[PDB]
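K.L.:
Quick one: this structure, given as structure tokens, is what I'll be asking you about.
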Amino acid sequence: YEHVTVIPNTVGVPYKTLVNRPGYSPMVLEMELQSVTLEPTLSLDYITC
Amino acid sequence: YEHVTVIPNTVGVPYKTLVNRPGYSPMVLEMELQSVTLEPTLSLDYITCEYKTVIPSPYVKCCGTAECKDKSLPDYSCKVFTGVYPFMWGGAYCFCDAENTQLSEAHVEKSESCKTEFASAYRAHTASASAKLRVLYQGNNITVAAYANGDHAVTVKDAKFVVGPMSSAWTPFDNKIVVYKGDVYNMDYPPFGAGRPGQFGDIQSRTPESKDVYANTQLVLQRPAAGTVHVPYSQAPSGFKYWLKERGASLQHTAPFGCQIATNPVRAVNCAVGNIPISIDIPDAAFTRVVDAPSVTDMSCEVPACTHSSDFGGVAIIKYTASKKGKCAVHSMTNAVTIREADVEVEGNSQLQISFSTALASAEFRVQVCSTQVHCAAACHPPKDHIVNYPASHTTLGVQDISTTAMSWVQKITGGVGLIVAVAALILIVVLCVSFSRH
Amino acid sequence: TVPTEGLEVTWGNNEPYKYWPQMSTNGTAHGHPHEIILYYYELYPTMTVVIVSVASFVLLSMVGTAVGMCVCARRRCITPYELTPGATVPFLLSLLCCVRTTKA
Ligand SMILES: *[C@@H]1O[C@H](CO)[C@@H](O)[C@H](O)[C@H]1NC(C)=O
Ligand SMILES: *[C@@H]1O[C@H](CO)[C@@H](O)[C@H](O)[C@H]1NC(C)=O
């Protein structure tokens, strides 16, 4: 149901995490991330030519 | 055999029972009551309704002195007001001025609303009980009505049964009960003929179609002003026309134990408290022989996943080995767990599963299958939700109840020091052995 | 607050609602990290916490009885050498070792 987990911040590595509700059969879950895009905040001081 | 069972008075749980006739198969039977009501005694005391003042036209006694002959009417009232002066198009109606008096008179009565829309003040004492019950009898969801008192016998389908008496003589009604067209109120009404004026209870009749009524309407006739030819009379506020606000609520929302109260007649269905004993009786015509039932061996029960919820939170899986093909009844012998399956079909060396539930954490348990004991244990889990919209079934439990390693913990921590207190007893007896040999 | 019996709640001219309690939030298990008493928090919270309190009381009473036997044992091991004027009891206190085993 509700699950929290921690994956290490690496790119291009598959990871699996076990989810287990009681009662029913447990599942293992496959996830893998592809990008961590850092979008910093912008503000223009000036230009120069 | 005759079998007497007892069921707690709750609606919505299939209770089970086992009729053990030795020399015959066990009889796991099902009962489930669908509705249980109370019929309190009918005795209407008095109808009450909305009054209407009946006011005749005034009698302007023009410079004579009038009086009124004291006619016997409910709240008849009269006054001869002296010094009156009416006005019309030619000013005064009559000519003289000094002895100009006015005979004024009025009384009260019922209305047409009394023909249709009223309240009934009502007396109701101890009641009877009637119910309807479904029995899962051998692939038949049968259902029988019976008024439950212990004194009504009904037999159907080779089954004779007497239901009742109830164990709790509690009733949601008091002595006084007032009914309005779709609701009841447990309120002490003032007695008929003793109506307090103004407040509810004044204008009263025994039958809805009397020609006499009792009233208390405090009617005062004040003085008319100059030219205002009318009837200056004190208003009589009756309890009905403002009765709508002080109702509080009907008994549908003030009842204990959740009774639903329906009028005409005033039944109180699902008054859920107490228990009822039932007597069921059945001869051989459904009984199955011991040797002609398929006996079983190789009892291998286990529980893959138990969860002590309110639904069927345990699916117990059991592999067996029978003797032949036929029906087989299954039964829980302790009250910690409950099962949802009456009987199953078994052919030989096969496997089945069942849907049980319990309330506590960890328990071992011995089921009976066709007079064959089988023990298996389980460790369970609680559900993640907190609220469901149906009562459970197993949750009647005790306080000295078996668990997981909790009892190993309580066997741990009571290790004892009384043995070394006995060692202190040994040192005192080995010092008292010098002179401890007379008393 | 839904009681241990159960709640009925009606809203308007709708047909009412029927609610019931269940097992708890249940931050609990059974292990060497205990989490046992939280199971206690559905079978009667704040009722038979009197049971675990009086259970702590009866175990402190048991070790109080251990204090009782220890003071009776020290007094009755001083009893064989109350002040027996021989000044040397090796087969009493060497065999005994209650308190101050240097006193011969
Ligand atoms: C309708 O009115 C009749 C006569 O006024 C009365 O006998 C009957 O009980 C009423 N029924 C309802 C449902 O109001
Ligand atoms: C009887 O009614 C119950 C209601 O849920 C149902 O589950 C059961 O299968 C029925 N049995 C038969 C034989 O009709």
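Note that we place each Cβ from the backbone using ideal geometry, even for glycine, and neighbour counts take in every protein chain shown. Readers should treat all values here as calculations from the given coordinates under stated rules, not as data from a laboratory.
K.L.:
How many residues, within segment B:156-182, are over 20 Å from B:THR126 (Cα atoms) and of a type in the set (D, E, K, R)?
P.N.:
4
K.L.:
Listed residues B:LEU38, B:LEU29, B:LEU18; which is in a strand (DSSP E or B), of a type outside the set (S, T, N, Q) and surrounded by fewer than 16 Cβ atoms within 10 Å (Cβ to Cβ)?
P.N.:
Matching residue, one of B:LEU38, B:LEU29, B:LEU18: B:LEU18.
K.L.:
A follow-up question, please. Consider A:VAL4 carefully, then state whether it is aliphatic (A, V, I, L, M), under 27 Å from B:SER309 (Cα atoms) and outside any strand (DSSP E or B).
P.N.:
When the stated conditions are applied, A:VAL4 passes them.
K.L.:
Select from segment B:295-309 the residues that are away from chain A (no Cβ under 13 Å), crowded, with 17+ Cβ neighbours inside 10 Å and of a type outside the set (A, V, I, L, M) and list them in ascending order.
P.N.:
Of segment B:295-309, the ones away from chain A (no Cβ under 13 Å) are B:295-302.
Of the ones still in play, those that are also crowded, with 17+ Cβ neighbours inside 10 Å are B:296, B:299, B:301.
Within segment B:295-309, B:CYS301 is the sole residue that qualifies.
K.L.:
Pull up segment B:109-120, narrow it to residues that are closer than 14 Å to B:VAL213 by Cβ and among the small types (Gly, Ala, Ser), then point me to the one that is nearest to ligand 1 (Cβ to nearest atom).
P.N.:
B:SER113
K.L.:
Additional query: Which residue pairs have Cβ atoms under 7 Å apart, sit 6 or more places apart or on different chains, and have a first residue in segment C:56-73 that is part of a helix (DSSP H, G or I) and a second that is loosely packed, with under 12 Cβ neighbours inside 10 Å?
P.N.:
That search, which allows pairs on different chains as well, returns C:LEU59/B:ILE413.
K.L.:
If you check C:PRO80, C:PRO3, C:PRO33, which single one turns out to be surrounded by fewer than 12 Cβ atoms within 10 Å (Cβ to Cβ) and in contact (Cβ under 8 Å) with a residue 12 or more places away in the chain?
P.N.:
One residue alone meets the criteria, C:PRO3.
K.L.:
Follow-up question, since we're still on this one. Identify, please: which residue in segment B:133-144 is within 14 Å of ligand 2 (Cβ to nearest atom) and surrounded by 13 or more Cβ atoms within 10 Å (Cβ to Cβ) and is, among those, nearest to B:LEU42 (Cα to Cα)?
P.N.:
Step by step, filter segment B:133-144, then rank; the result is B:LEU133.
K.L.:
Here's a follow-up. Does any residue of segment B:403-415 turn out to be assigned to a strand (DSSP E or B) and not β-branched (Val, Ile, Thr)?
P.N.:
Quick first cut of segment B:403-415, residues assigned to a strand (DSSP E or B) only: none.
No: segment B:403-415 contains no residue that is assigned to a strand (DSSP E or B) and not β-branched (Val, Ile, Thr).
K.L.:
State all residues of segment B:419-435 that are surrounded by 14 or more Cβ atoms within 10 Å (Cβ to Cβ) and more than 7 Å from chain C (Cβ to nearest Cβ); if no residue qualifies, say none.
P.N.:
B:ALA425
K.L.:
Name the strands (runs of 3 or more DSSP E) wholly inside segment B:279-396 in which the number of residues that are out of contact with any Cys (no Cβ under 9 Å at 6 or more places or on another chain) is 1 or more.
P.N.:
The strands (runs of 3 or more DSSP E) meeting that bar are B:296-306, B:314-322, B:326-332, B:337-339, B:351-358, B:362-369, B:373-379.
K.L.:
Identify, from the list B:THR82, B:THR143, B:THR126, B:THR155, the residue that is under 30 Å from B:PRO237 (Cα atoms), among the polar types (S, T, N, Q) and more than 16 Å from ligand 1 (Cβ to nearest atom).
P.N.:
B:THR82
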